[PDB]
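Presented below is the structure to which this report refers.
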Amino acid sequence: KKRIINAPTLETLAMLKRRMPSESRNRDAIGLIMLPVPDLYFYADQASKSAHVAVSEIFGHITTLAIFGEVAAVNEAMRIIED
Amino acid sequence: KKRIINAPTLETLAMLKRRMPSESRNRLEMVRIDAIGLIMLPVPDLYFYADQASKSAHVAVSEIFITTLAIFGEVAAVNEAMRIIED
Amino acid sequence: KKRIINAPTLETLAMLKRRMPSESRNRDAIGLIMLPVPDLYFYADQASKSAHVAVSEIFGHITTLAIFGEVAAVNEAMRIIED
Amino acid sequence: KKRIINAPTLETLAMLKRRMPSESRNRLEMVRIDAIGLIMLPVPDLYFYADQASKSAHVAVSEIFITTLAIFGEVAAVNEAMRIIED
Amino acid sequence: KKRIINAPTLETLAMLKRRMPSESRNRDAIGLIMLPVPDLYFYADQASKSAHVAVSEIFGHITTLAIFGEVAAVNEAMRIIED
Amino acid sequence: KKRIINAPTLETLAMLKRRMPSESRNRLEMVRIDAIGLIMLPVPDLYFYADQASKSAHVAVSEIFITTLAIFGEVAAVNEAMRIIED
């Protein structure tokens with residue numbers, strides 16, 4: 001399903017970074033949502049067109065998208081994805 | 001499950017390029033990418049439909065790492081391809 | 001399921017070669033069929049006893065057999081496998 | 001599916017350490033390990049609940065290689081955490 | 001499910017060793033049982049508290065625990081795990 | 001799902017050898033391979049039945065990379081083994 005982490009720890013960020021591509025990693029709330037891969041890139045492209053949030057895949061098919069940004073924005077994004 | 005990205009970002013293209021073979025990467029600059037169709041297919045279908053697309057002008061195809069096929073090209077062509085694949 | 005590629009592109013061959021063992025790769029229609037592994041080797045052994053087609057596993061359990069040869073032969077093989 | 005190991009062996013700790021990131025390994029000596037809670041979670045839940053635990057005193061969390069979260073700490077804390085996760 | 005190998009061959013031991021961690025490998029009947037990972041470590045910890053049997057994961061989620069020891073002990077352990 | 005290859009090709013043997021451990025590879029020349037039985041088994045069954053076969057004369061066993069066991073030997077022996085495994 002979907003989940004939002006408000007005010008994540010440094011340790012939480014470290015865990016996520018280990019599970020992201022170097023390109024993304026090198027670049028607050030975090031929204032985590034499980035999506036099939038077409039949806040994943042569709043919704044990530046959305047965010048790249050949107051300021052104020054950053055996106056990345058999380059590894060582990062149906063995979064995980066992580067949305068990093070400000071509390072309002074992250075919530076807005078998770079809402080948009082539910083439609 | 002299928003999805004079409006209209007007018008993809010440069011970052012979107014970068015994300016996809018990271019997830020395709022080095023050999024396929026050049027094919028993106030040889031084609032106008034109005035749209036990207038992403039569809040999850042069993043492997044026999046994948047290569048069947050890729051081959052189709054490779055024969056078609058105006059689109060380029062690549063695997064993305066039941067797996068994912070990406071169809072790059074002009075809006076009409078991408079839409080046509082996704083339609084054909086639904087049949 | 002099963003599928004046959006008539007007159008494959010060079011790019012199509014390149015995609016398949018990336019997904020085959022070095023031994024096979026180093027060695028027109030292409031038949032692609034998804035089989036459990038016992039069936040896979042059973043039906044591939046058949047082809048090795050048969051002239052005019054070549055066989056290989058394709059990676060990605062239930063896996064994929066690829067049958068390379070002449071149009072008649074490939075069709076014949078895909079038919080035999082349906083029984 | 002969840003499980004709590006009360007009063008784990010040194011060998012049990014060794015087995016788990018082998019299956020966690022090198023970075024997490026030190027966190028075990030910074031905390032009294034009366035108990036270990038092991039629960040299998042989808043990844044969004046995993047990081048959600050880890051983050052919770054990392055904010056909580058008396059427990060430490062780590063991934064073990066839908067995946068596995070390990071919660072290390074004092075009996076009360078571990079039990080509380082496993083309870084919260086059931087909700 | 002579960003299975004017990006009485007008086008295993010050297011070849012059987014070799015096959016299992018290939019599929020265990022170096023740490024375990026470096027350390028008769030063999031009980032093999034498929035368990036979810038929480039159960040796995042729970043029941044392995046049990047064995048570490050118990051003399052006369054040794055435990056290890058076998059690789060290949062729901063994974064496999066291997067219990068090495070004397071015939072009585074191995075049987076006792078497989079019984080305990082059924083509860 | 002099970003299958004028996006009667007009178008396998010040299011190429012068939014080559015394909016299987018590529019997919020077994022280097023250690024197992026020699027065992028094929030120590031045994032007359034009239035037939036190869038291939039059966040997909042959960043891992044406890046795999047080692048249980050391998051061990052059986054390793055104790056039996058006239059067959060050799062190996063893993064092929066729920067996984068696959070290959071039973072190499074004489075037609076009678078292979079058939080007997082596949083039968084025993086159905087029980």
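Simple scheme: letters A, B, ... for chains in structure tokens order, numbers from 1 for residues in each chain, numbers from 1 for ligands in the order shown.
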
All in-order C-alpha pairs, least squares, chain A moved onto chain C. Output the fitted coordinates as a short mmCIF file (atom, residue, chain, number, x, y, z; two decimals) with N, CA, C and O atoms, in the first residue's frame, please.
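Result file part37.cif:
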```cif
data_model
loop_
_atom_site.label_atom_id
_atom_site.label_comp_id
_atom_site.auth_asym_id
_atom_site.auth_seq_id
_atom_site.Cartn_x
_atom_site.Cartn_y
_atom_site.Cartn_z
N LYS A 1 2.65 -17.63 -23.05
CA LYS A 1 2.20 -18.50 -24.20
C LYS A 1 3.31 -18.71 -25.25
O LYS A 1 4.49 -18.72 -24.90
N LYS A 2 2.93 -18.89 -26.53
CA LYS A 2 3.88 -19.07 -27.63
C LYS A 2 3.78 -17.99 -28.72
O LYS A 2 2.73 -17.40 -28.90
N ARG A 3 4.88 -17.77 -29.44
CA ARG A 3 4.98 -16.69 -30.43
C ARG A 3 6.06 -17.01 -31.44
O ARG A 3 7.10 -17.57 -31.08
N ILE A 4 5.85 -16.59 -32.68
CA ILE A 4 6.83 -16.79 -33.73
C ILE A 4 7.15 -15.47 -34.39
O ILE A 4 6.27 -14.75 -34.79
N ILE A 5 8.44 -15.17 -34.49
CA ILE A 5 8.89 -13.95 -35.12
C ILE A 5 9.40 -14.32 -36.49
O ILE A 5 10.39 -15.03 -36.63
N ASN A 6 8.70 -13.84 -37.51
CA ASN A 6 9.14 -14.04 -38.88
C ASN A 6 10.13 -12.96 -39.30
O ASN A 6 9.87 -11.78 -39.08
N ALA A 7 11.25 -13.37 -39.88
CA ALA A 7 12.21 -12.45 -40.48
C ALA A 7 12.64 -11.42 -39.47
O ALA A 7 12.32 -10.24 -39.62
N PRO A 8 13.32 -11.87 -38.42
CA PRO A 8 13.65 -10.97 -37.33
C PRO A 8 14.69 -9.94 -37.73
O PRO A 8 15.54 -10.23 -38.55
N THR A 9 14.61 -8.77 -37.11
CA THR A 9 15.60 -7.70 -37.30
C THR A 9 16.93 -8.12 -36.70
O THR A 9 17.00 -9.09 -35.95
N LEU A 10 17.98 -7.38 -37.02
CA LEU A 10 19.28 -7.56 -36.38
C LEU A 10 19.21 -7.18 -34.90
O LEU A 10 19.74 -7.89 -34.05
N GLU A 11 18.56 -6.05 -34.62
CA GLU A 11 18.23 -5.58 -33.27
C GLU A 11 17.44 -6.62 -32.43
O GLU A 11 17.70 -6.82 -31.23
N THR A 12 16.51 -7.32 -33.07
CA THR A 12 15.81 -8.39 -32.38
C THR A 12 16.77 -9.52 -31.99
O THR A 12 16.75 -10.04 -30.86
N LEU A 13 17.63 -9.91 -32.94
CA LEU A 13 18.64 -10.93 -32.67
C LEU A 13 19.58 -10.48 -31.56
O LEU A 13 19.92 -11.26 -30.69
N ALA A 14 19.97 -9.21 -31.58
CA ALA A 14 20.86 -8.65 -30.56
C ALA A 14 20.24 -8.72 -29.16
O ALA A 14 20.92 -9.03 -28.19
N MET A 15 18.94 -8.46 -29.08
CA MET A 15 18.22 -8.50 -27.80
C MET A 15 18.19 -9.92 -27.24
O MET A 15 18.39 -10.13 -26.03
N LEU A 16 17.95 -10.88 -28.12
CA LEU A 16 17.90 -12.28 -27.73
C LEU A 16 19.26 -12.80 -27.32
O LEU A 16 19.36 -13.51 -26.32
N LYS A 17 20.29 -12.43 -28.09
CA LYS A 17 21.67 -12.86 -27.80
C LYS A 17 22.14 -12.41 -26.43
O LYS A 17 22.79 -13.17 -25.73
N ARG A 18 21.77 -11.20 -26.05
CA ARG A 18 22.09 -10.70 -24.72
C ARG A 18 21.50 -11.60 -23.64
O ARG A 18 22.04 -11.69 -22.55
N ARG A 19 20.40 -12.26 -23.96
CA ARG A 19 19.71 -13.06 -22.97
C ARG A 19 19.91 -14.57 -23.09
O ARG A 19 19.19 -15.33 -22.46
N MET A 20 20.92 -14.98 -23.86
CA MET A 20 21.30 -16.38 -24.01
C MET A 20 22.70 -16.65 -23.48
O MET A 20 23.53 -15.73 -23.43
N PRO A 21 23.01 -17.93 -23.11
CA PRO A 21 24.38 -18.37 -22.73
C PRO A 21 25.42 -18.16 -23.83
O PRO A 21 25.08 -18.27 -25.01
N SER A 22 26.67 -17.88 -23.44
CA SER A 22 27.74 -17.61 -24.42
C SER A 22 27.82 -18.76 -25.40
O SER A 22 27.98 -18.55 -26.59
N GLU A 23 27.69 -19.98 -24.88
CA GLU A 23 27.83 -21.19 -25.69
C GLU A 23 26.83 -21.23 -26.84
O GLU A 23 27.16 -21.59 -27.96
N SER A 24 25.59 -20.87 -26.54
CA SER A 24 24.54 -20.86 -27.55
C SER A 24 24.65 -19.69 -28.52
O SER A 24 24.43 -19.84 -29.73
N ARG A 25 25.05 -18.55 -27.99
CA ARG A 25 25.05 -17.28 -28.66
C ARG A 25 26.01 -17.33 -29.80
O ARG A 25 25.76 -16.77 -30.84
N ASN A 26 27.11 -18.03 -29.56
CA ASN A 26 28.17 -18.09 -30.53
C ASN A 26 27.71 -18.87 -31.77
O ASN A 26 28.19 -18.61 -32.88
N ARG A 27 26.73 -19.76 -31.60
CA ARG A 27 26.11 -20.47 -32.71
C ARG A 27 25.05 -19.60 -33.36
O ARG A 27 24.24 -20.08 -34.14
N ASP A 28 14.81 -17.23 -42.07
CA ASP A 28 14.79 -17.29 -40.62
C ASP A 28 13.51 -16.80 -39.90
O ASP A 28 12.94 -15.73 -40.15
N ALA A 29 13.10 -17.65 -38.97
CA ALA A 29 12.05 -17.39 -37.98
C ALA A 29 12.59 -17.76 -36.61
O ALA A 29 13.52 -18.57 -36.50
N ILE A 30 11.99 -17.18 -35.57
CA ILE A 30 12.28 -17.53 -34.19
C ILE A 30 10.97 -17.86 -33.46
O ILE A 30 10.05 -17.04 -33.40
N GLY A 31 10.90 -19.04 -32.88
CA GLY A 31 9.75 -19.43 -32.08
C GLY A 31 10.12 -19.27 -30.62
O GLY A 31 11.19 -19.69 -30.19
N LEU A 32 9.24 -18.63 -29.87
CA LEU A 32 9.47 -18.41 -28.47
C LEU A 32 8.34 -19.04 -27.72
O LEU A 32 7.18 -18.73 -28.01
N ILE A 33 8.66 -19.89 -26.76
CA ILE A 33 7.63 -20.55 -25.97
C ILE A 33 8.06 -20.69 -24.53
O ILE A 33 9.23 -20.97 -24.25
N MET A 34 7.12 -20.46 -23.62
CA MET A 34 7.39 -20.53 -22.21
C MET A 34 7.09 -21.91 -21.67
O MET A 34 5.96 -22.38 -21.77
N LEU A 35 8.08 -22.53 -21.05
CA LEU A 35 7.99 -23.91 -20.62
C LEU A 35 8.57 -24.08 -19.22
O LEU A 35 9.53 -23.39 -18.86
N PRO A 36 8.01 -25.01 -18.43
CA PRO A 36 8.71 -25.44 -17.21
C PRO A 36 10.05 -26.09 -17.57
O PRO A 36 10.22 -26.56 -18.71
N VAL A 37 10.99 -26.16 -16.65
CA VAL A 37 12.36 -26.52 -17.07
C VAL A 37 12.49 -27.98 -17.51
O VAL A 37 13.20 -28.26 -18.46
N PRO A 38 11.78 -28.91 -16.86
CA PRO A 38 11.87 -30.26 -17.44
C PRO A 38 11.46 -30.32 -18.92
O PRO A 38 12.16 -30.94 -19.75
N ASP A 39 10.32 -29.71 -19.26
CA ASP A 39 9.83 -29.65 -20.65
C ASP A 39 10.86 -28.98 -21.53
O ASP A 39 11.08 -29.39 -22.68
N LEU A 40 11.47 -27.94 -21.00
CA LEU A 40 12.40 -27.13 -21.77
C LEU A 40 13.50 -28.01 -22.34
O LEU A 40 13.77 -27.98 -23.54
N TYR A 41 14.15 -28.76 -21.46
CA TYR A 41 15.29 -29.58 -21.88
C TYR A 41 14.85 -30.77 -22.66
O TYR A 41 15.56 -31.21 -23.56
N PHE A 42 13.66 -31.27 -22.35
CA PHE A 42 13.10 -32.35 -23.15
C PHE A 42 12.91 -31.89 -24.58
O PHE A 42 13.38 -32.54 -25.51
N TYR A 43 12.23 -30.76 -24.77
CA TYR A 43 11.95 -30.29 -26.11
C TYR A 43 13.20 -29.76 -26.80
O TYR A 43 13.27 -29.81 -28.01
N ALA A 44 14.16 -29.24 -26.07
CA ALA A 44 15.44 -28.77 -26.70
C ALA A 44 16.32 -29.99 -27.27
O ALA A 44 17.05 -29.97 -28.32
N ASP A 45 16.29 -31.05 -26.50
CA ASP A 45 16.96 -32.32 -26.85
C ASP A 45 16.37 -32.87 -28.15
O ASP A 45 17.08 -33.35 -29.05
N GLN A 46 15.05 -32.75 -28.25
CA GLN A 46 14.35 -33.06 -29.48
C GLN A 46 15.01 -32.32 -30.64
O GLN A 46 15.45 -32.92 -31.62
N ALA A 47 15.12 -31.01 -30.52
CA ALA A 47 15.68 -30.17 -31.59
C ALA A 47 17.13 -30.53 -31.91
O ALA A 47 17.56 -30.43 -33.07
N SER A 48 17.89 -30.90 -30.90
CA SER A 48 19.27 -31.28 -31.14
C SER A 48 19.32 -32.57 -31.95
O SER A 48 20.25 -32.79 -32.72
N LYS A 49 18.29 -33.41 -31.80
CA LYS A 49 18.18 -34.63 -32.61
C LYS A 49 17.66 -34.30 -34.01
O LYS A 49 17.91 -35.03 -34.96
N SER A 50 16.95 -33.17 -34.13
CA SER A 50 16.44 -32.62 -35.39
C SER A 50 17.38 -31.62 -36.08
O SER A 50 17.85 -30.62 -35.50
N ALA A 51 17.60 -31.84 -37.37
CA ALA A 51 18.37 -30.90 -38.16
C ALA A 51 17.46 -29.72 -38.42
O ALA A 51 16.27 -29.78 -38.14
N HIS A 52 18.04 -28.63 -38.91
CA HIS A 52 17.27 -27.51 -39.43
C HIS A 52 16.65 -26.62 -38.35
O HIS A 52 16.06 -25.60 -38.70
N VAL A 53 16.77 -26.96 -37.06
CA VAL A 53 16.51 -25.96 -36.02
C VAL A 53 17.55 -26.05 -34.91
O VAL A 53 18.17 -27.08 -34.65
N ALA A 54 17.72 -24.90 -34.29
CA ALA A 54 18.68 -24.68 -33.24
C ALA A 54 17.85 -24.20 -32.06
O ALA A 54 16.81 -23.55 -32.23
N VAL A 55 18.31 -24.50 -30.85
CA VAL A 55 17.55 -24.15 -29.65
C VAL A 55 18.40 -23.50 -28.59
O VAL A 55 19.61 -23.71 -28.52
N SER A 56 17.75 -22.72 -27.75
CA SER A 56 18.42 -22.12 -26.63
C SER A 56 17.43 -21.68 -25.58
O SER A 56 16.28 -21.36 -25.89
N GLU A 57 17.89 -21.66 -24.35
CA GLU A 57 17.14 -21.04 -23.28
C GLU A 57 17.28 -19.53 -23.39
O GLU A 57 18.29 -19.05 -23.84
N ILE A 58 16.24 -18.81 -22.99
CA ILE A 58 16.26 -17.37 -22.84
C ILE A 58 15.95 -17.07 -21.37
O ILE A 58 15.00 -17.61 -20.80
N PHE A 59 16.78 -16.24 -20.75
CA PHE A 59 16.73 -16.00 -19.30
C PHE A 59 15.79 -14.88 -18.94
O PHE A 59 15.61 -13.99 -19.74
N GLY A 60 15.23 -14.90 -17.73
CA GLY A 60 14.38 -13.81 -17.25
C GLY A 60 13.58 -14.16 -16.01
O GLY A 60 12.40 -13.83 -15.93
N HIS A 61 11.31 -22.87 -11.85
CA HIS A 61 10.64 -21.80 -12.58
C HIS A 61 10.17 -22.25 -13.97
O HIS A 61 10.45 -23.35 -14.44
N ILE A 62 9.42 -21.35 -14.58
CA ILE A 62 8.93 -21.46 -15.96
C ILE A 62 9.77 -20.48 -16.77
O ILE A 62 9.71 -19.28 -16.52
N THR A 63 10.56 -20.97 -17.72
CA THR A 63 11.49 -20.10 -18.48
C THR A 63 11.13 -20.18 -19.97
O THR A 63 10.08 -20.69 -20.33
N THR A 64 11.98 -19.62 -20.84
CA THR A 64 11.66 -19.50 -22.27
C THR A 64 12.65 -20.25 -23.16
O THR A 64 13.85 -20.16 -22.98
N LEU A 65 12.10 -20.99 -24.12
CA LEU A 65 12.88 -21.69 -25.13
C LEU A 65 12.72 -20.90 -26.40
O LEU A 65 11.64 -20.39 -26.70
N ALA A 66 13.82 -20.78 -27.13
CA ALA A 66 13.83 -20.09 -28.41
C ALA A 66 14.24 -21.12 -29.44
O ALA A 66 15.17 -21.88 -29.20
N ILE A 67 13.53 -21.14 -30.56
CA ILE A 67 13.76 -22.09 -31.64
C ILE A 67 14.09 -21.29 -32.88
O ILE A 67 13.29 -20.50 -33.34
N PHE A 68 15.30 -21.49 -33.40
CA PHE A 68 15.77 -20.73 -34.55
C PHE A 68 15.84 -21.68 -35.72
O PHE A 68 16.35 -22.79 -35.60
N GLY A 69 15.34 -21.25 -36.87
CA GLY A 69 15.47 -22.04 -38.08
C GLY A 69 14.65 -21.48 -39.23
O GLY A 69 14.36 -20.28 -39.28
N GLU A 70 14.28 -22.38 -40.13
CA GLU A 70 13.52 -22.05 -41.31
C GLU A 70 12.05 -22.06 -40.95
O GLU A 70 11.63 -22.75 -40.00
N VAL A 71 11.26 -21.29 -41.69
CA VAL A 71 9.87 -21.01 -41.31
C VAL A 71 9.05 -22.27 -41.10
O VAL A 71 8.34 -22.40 -40.10
N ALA A 72 9.17 -23.22 -42.03
CA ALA A 72 8.47 -24.49 -41.93
C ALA A 72 8.84 -25.23 -40.65
O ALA A 72 7.98 -25.68 -39.89
N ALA A 73 10.15 -25.35 -40.42
CA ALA A 73 10.70 -26.10 -39.29
C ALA A 73 10.26 -25.50 -37.96
O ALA A 73 9.85 -26.22 -37.04
N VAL A 74 10.36 -24.18 -37.85
CA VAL A 74 10.01 -23.51 -36.62
C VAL A 74 8.54 -23.79 -36.32
O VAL A 74 8.20 -24.18 -35.20
N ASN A 75 7.70 -23.63 -37.33
CA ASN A 75 6.27 -23.92 -37.18
C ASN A 75 5.98 -25.35 -36.80
O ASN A 75 5.12 -25.63 -35.95
N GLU A 76 6.69 -26.27 -37.45
CA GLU A 76 6.58 -27.68 -37.11
C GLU A 76 6.89 -27.91 -35.64
O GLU A 76 6.18 -28.63 -34.95
N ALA A 77 7.96 -27.27 -35.15
CA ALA A 77 8.42 -27.48 -33.78
C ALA A 77 7.41 -26.96 -32.77
O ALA A 77 7.10 -27.65 -31.79
N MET A 78 6.89 -25.76 -33.01
CA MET A 78 5.90 -25.15 -32.12
C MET A 78 4.63 -25.99 -32.04
O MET A 78 3.99 -26.08 -30.99
N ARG A 79 4.28 -26.60 -33.17
CA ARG A 79 3.15 -27.53 -33.22
C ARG A 79 3.42 -28.76 -32.33
O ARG A 79 2.64 -29.06 -31.42
N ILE A 80 4.55 -29.44 -32.56
CA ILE A 80 4.95 -30.60 -31.76
C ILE A 80 4.94 -30.33 -30.26
O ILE A 80 4.61 -31.20 -29.45
N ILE A 81 5.30 -29.11 -29.88
CA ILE A 81 5.36 -28.74 -28.48
C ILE A 81 3.96 -28.56 -27.88
O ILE A 81 3.73 -28.87 -26.71
N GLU A 82 3.00 -28.11 -28.69
CA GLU A 82 1.60 -28.07 -28.26
C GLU A 82 0.99 -29.47 -27.94
O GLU A 82 -0.12 -29.56 -27.40
N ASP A 83 1.69 -30.56 -28.27
CA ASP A 83 1.29 -31.92 -27.88
C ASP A 83 2.24 -32.54 -26.86
O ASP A 83 2.33 -32.08 -25.73
#
```

Got a sec: who's within 7 Å of residue B:66, counting only C-alpha atoms, leaving out chain neighbours fewer than 5 positions off, as a PDB file with C-alpha atoms, in the first residue's frame?
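Output contents, as saved in out01.pdb:
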```pdb
ATOM      1  CA  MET B  40       4.584  -5.225 -19.014  1.00  0.00           C
ATOM      2  CA  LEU B  41       4.780  -8.352 -21.148  1.00  0.00           C
ATOM      3  CA  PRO B  42       5.773 -12.013 -20.922  1.00  0.00           C
ATOM      4  CA  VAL B  43       9.054 -12.511 -22.719  1.00  0.00           C
TER       5      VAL B  43
END
```

So that I can check the surroundings of residue B:81, please list as number ranges by chain every protein, DNA and RNA residue that reaches within 12 Å of it, counting only C-alpha atoms and ignoring chain neighbours fewer than 2 positions away. B: 2-4, 35-39, 49-61, 69-79, 83-87

Since we have the selection now, will you write its residues out, keeping N, CA and C atoms, as a compact mmCIF listing (two decimals), in the first residue's frame?
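This is the output file out-v4.txt:
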```txt
# COMPACT_ATOMS: atom_id res chain seq x y z
N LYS B 2 -0.49 -1.16 -18.78
CA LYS B 2 0.15 -0.25 -19.73
C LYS B 2 0.00 1.23 -19.39
N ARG B 3 0.93 2.03 -19.90
CA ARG B 3 0.96 3.44 -19.56
C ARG B 3 1.78 4.22 -20.60
N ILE B 4 1.33 5.43 -20.91
CA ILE B 4 1.96 6.25 -21.93
C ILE B 4 2.34 7.56 -21.31
N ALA B 35 6.43 10.67 -27.06
CA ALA B 35 5.80 9.83 -26.07
C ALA B 35 6.59 8.56 -25.80
N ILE B 36 6.34 7.98 -24.63
CA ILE B 36 6.90 6.69 -24.26
C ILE B 36 5.77 5.80 -23.77
N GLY B 37 5.64 4.64 -24.40
CA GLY B 37 4.67 3.67 -23.98
C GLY B 37 5.40 2.61 -23.17
N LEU B 38 4.85 2.30 -22.01
CA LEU B 38 5.45 1.32 -21.15
C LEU B 38 4.42 0.26 -20.95
N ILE B 39 4.80 -0.99 -21.22
CA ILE B 39 3.88 -2.09 -21.06
C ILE B 39 4.62 -3.32 -20.54
N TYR B 49 6.67 -8.24 -30.04
CA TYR B 49 6.24 -6.87 -30.24
C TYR B 49 7.40 -5.90 -30.44
N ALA B 50 8.57 -6.16 -29.84
CA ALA B 50 9.76 -5.33 -30.07
C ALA B 50 10.18 -5.37 -31.53
N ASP B 51 10.19 -6.59 -32.04
CA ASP B 51 10.61 -6.83 -33.39
C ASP B 51 9.70 -6.05 -34.35
N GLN B 52 8.40 -6.11 -34.09
CA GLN B 52 7.41 -5.34 -34.82
C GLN B 52 7.83 -3.88 -34.84
N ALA B 53 7.99 -3.34 -33.64
CA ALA B 53 8.35 -1.94 -33.46
C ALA B 53 9.67 -1.57 -34.11
N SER B 54 10.63 -2.49 -34.07
CA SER B 54 11.92 -2.21 -34.67
C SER B 54 11.78 -2.11 -36.19
N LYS B 55 10.81 -2.84 -36.75
CA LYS B 55 10.55 -2.78 -38.18
C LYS B 55 9.79 -1.51 -38.53
N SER B 56 9.05 -0.98 -37.56
CA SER B 56 8.29 0.24 -37.78
C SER B 56 9.18 1.47 -37.69
N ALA B 57 8.90 2.44 -38.55
CA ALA B 57 9.62 3.70 -38.50
C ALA B 57 9.01 4.44 -37.33
N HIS B 58 9.67 5.51 -36.88
CA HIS B 58 9.08 6.43 -35.92
C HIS B 58 8.97 5.85 -34.53
N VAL B 59 9.36 4.60 -34.29
CA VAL B 59 9.50 4.15 -32.92
C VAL B 59 10.80 3.36 -32.77
N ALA B 60 11.22 3.37 -31.55
CA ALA B 60 12.36 2.64 -31.06
C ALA B 60 11.86 1.82 -29.86
N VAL B 61 12.47 0.67 -29.62
CA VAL B 61 12.04 -0.20 -28.53
C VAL B 61 13.21 -0.62 -27.69
N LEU B 69 8.58 -3.49 -21.68
CA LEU B 69 8.97 -2.97 -22.97
C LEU B 69 8.66 -1.49 -22.97
N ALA B 70 9.58 -0.72 -23.55
CA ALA B 70 9.40 0.71 -23.67
C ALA B 70 9.38 0.99 -25.15
N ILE B 71 8.42 1.81 -25.59
CA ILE B 71 8.24 2.18 -26.98
C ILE B 71 8.39 3.69 -27.07
N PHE B 72 9.40 4.13 -27.80
CA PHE B 72 9.71 5.54 -27.90
C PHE B 72 9.42 5.99 -29.28
N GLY B 73 8.74 7.12 -29.39
CA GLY B 73 8.46 7.68 -30.69
C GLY B 73 7.47 8.80 -30.64
N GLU B 74 6.81 8.97 -31.78
CA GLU B 74 5.88 10.04 -31.99
C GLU B 74 4.51 9.60 -31.47
N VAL B 75 3.69 10.58 -31.07
CA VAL B 75 2.48 10.28 -30.29
C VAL B 75 1.61 9.28 -31.01
N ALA B 76 1.43 9.50 -32.31
CA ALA B 76 0.58 8.64 -33.13
C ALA B 76 1.08 7.21 -33.13
N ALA B 77 2.37 7.07 -33.40
CA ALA B 77 3.03 5.77 -33.49
C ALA B 77 2.97 5.01 -32.16
N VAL B 78 3.27 5.70 -31.07
CA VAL B 78 3.28 5.05 -29.77
C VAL B 78 1.88 4.54 -29.46
N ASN B 79 0.89 5.40 -29.67
CA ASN B 79 -0.51 5.03 -29.45
C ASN B 79 -0.96 3.89 -30.31
N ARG B 83 -2.09 0.12 -28.86
CA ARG B 83 -3.35 -0.41 -29.33
C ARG B 83 -3.17 -1.82 -29.89
N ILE B 84 -2.28 -1.96 -30.87
CA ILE B 84 -1.95 -3.24 -31.49
C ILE B 84 -1.60 -4.30 -30.45
N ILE B 85 -0.94 -3.89 -29.38
CA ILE B 85 -0.50 -4.81 -28.34
C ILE B 85 -1.69 -5.28 -27.49
N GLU B 86 -2.69 -4.42 -27.30
CA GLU B 86 -3.96 -4.82 -26.65
C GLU B 86 -4.75 -5.89 -27.43
N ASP B 87 -4.35 -6.19 -28.67
CA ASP B 87 -4.95 -7.21 -29.49
C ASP B 87 -3.98 -8.40 -29.71
```

Find the residue from F:13, F:5, F:64, F:82 that sits nearest to residue F:29; use only C-alpha atoms when measuring.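 Smallest separation from residue F:29 among the options: F:13.
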
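If you look at atom CA of residue B:45 and atom CA of residue B:33, they are 23.1 Å away from each other.
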
DSSP says strand (DSSP E or B) for which residues of chain C? Put them as a list in words? residues 2, 3, 4, 5, 6, 29, 30, 31, 32, 33, 34, 35, 36, 53, 54, 55, 56, 57, 58, 62, 63, 64, 65, 66, 67, 68 and 69 of chain C

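A straight line drawn from atom CA of residue F:17 to atom CA of residue F:48 is 21.7 Å long.
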
In Å, how far is it from atom CA of residue B:80 to atom CA of residue B:65?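 Answer for the atom CA of residue B:80 to atom CA of residue B:65 separation: 23.7 Å.
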
Taking the DSSP assignment computed from this structure's backbone, write out as a ChimeraX atom specification all residues of chain F that belong to helix (DSSP H, G or I). /F:10-18,22-30,43-55,75-85

Give me a file of those residues, with C-alpha atoms, as a CSV table (one decimal), in the first residue's frame.
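What ended up in selection.csv:
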```
chain,number,residue,atom,x,y,z
F,10,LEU,CA,25.8,-35.0,-26.5
F,11,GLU,CA,24.5,-31.4,-26.8
F,12,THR,CA,21.8,-32.1,-24.4
F,13,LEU,CA,24.4,-33.3,-21.9
F,14,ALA,CA,26.5,-30.2,-22.6
F,15,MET,CA,23.5,-27.9,-21.8
F,16,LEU,CA,22.8,-29.6,-18.5
F,17,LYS,CA,26.5,-29.6,-17.5
F,18,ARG,CA,26.7,-25.9,-18.0
F,22,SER,CA,31.7,-28.0,-11.4
F,23,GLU,CA,32.0,-30.7,-8.8
F,24,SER,CA,29.0,-32.7,-10.1
F,25,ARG,CA,30.2,-32.5,-13.7
F,26,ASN,CA,32.6,-35.5,-13.4
F,27,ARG,CA,29.9,-37.8,-12.1
F,28,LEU,CA,28.4,-38.0,-15.6
F,29,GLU,CA,31.4,-40.0,-17.0
F,30,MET,CA,31.2,-42.4,-14.1
F,43,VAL,CA,14.4,-28.1,-1.5
F,44,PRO,CA,13.8,-30.4,1.4
F,45,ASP,CA,12.5,-33.1,-1.1
F,46,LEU,CA,15.4,-32.3,-3.4
F,47,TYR,CA,18.2,-33.2,-1.0
F,48,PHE,CA,16.1,-36.1,0.4
F,49,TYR,CA,15.7,-37.7,-3.0
F,50,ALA,CA,19.2,-36.8,-4.1
F,51,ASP,CA,20.7,-38.5,-1.1
F,52,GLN,CA,18.6,-41.6,-2.0
F,53,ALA,CA,19.9,-41.6,-5.5
F,54,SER,CA,23.4,-41.0,-4.4
F,55,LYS,CA,23.2,-44.2,-2.3
F,75,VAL,CA,16.6,-46.5,-18.1
F,76,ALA,CA,15.4,-48.9,-15.4
F,77,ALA,CA,17.0,-47.0,-12.6
F,78,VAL,CA,15.9,-43.5,-13.8
F,79,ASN,CA,12.3,-44.8,-14.2
F,80,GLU,CA,12.3,-46.4,-10.8
F,81,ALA,CA,13.5,-43.2,-9.2
F,82,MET,CA,10.9,-41.0,-10.9
F,83,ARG,CA,8.3,-43.5,-9.7
F,84,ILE,CA,9.5,-43.5,-6.1
F,85,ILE,CA,9.4,-39.7,-6.2
```
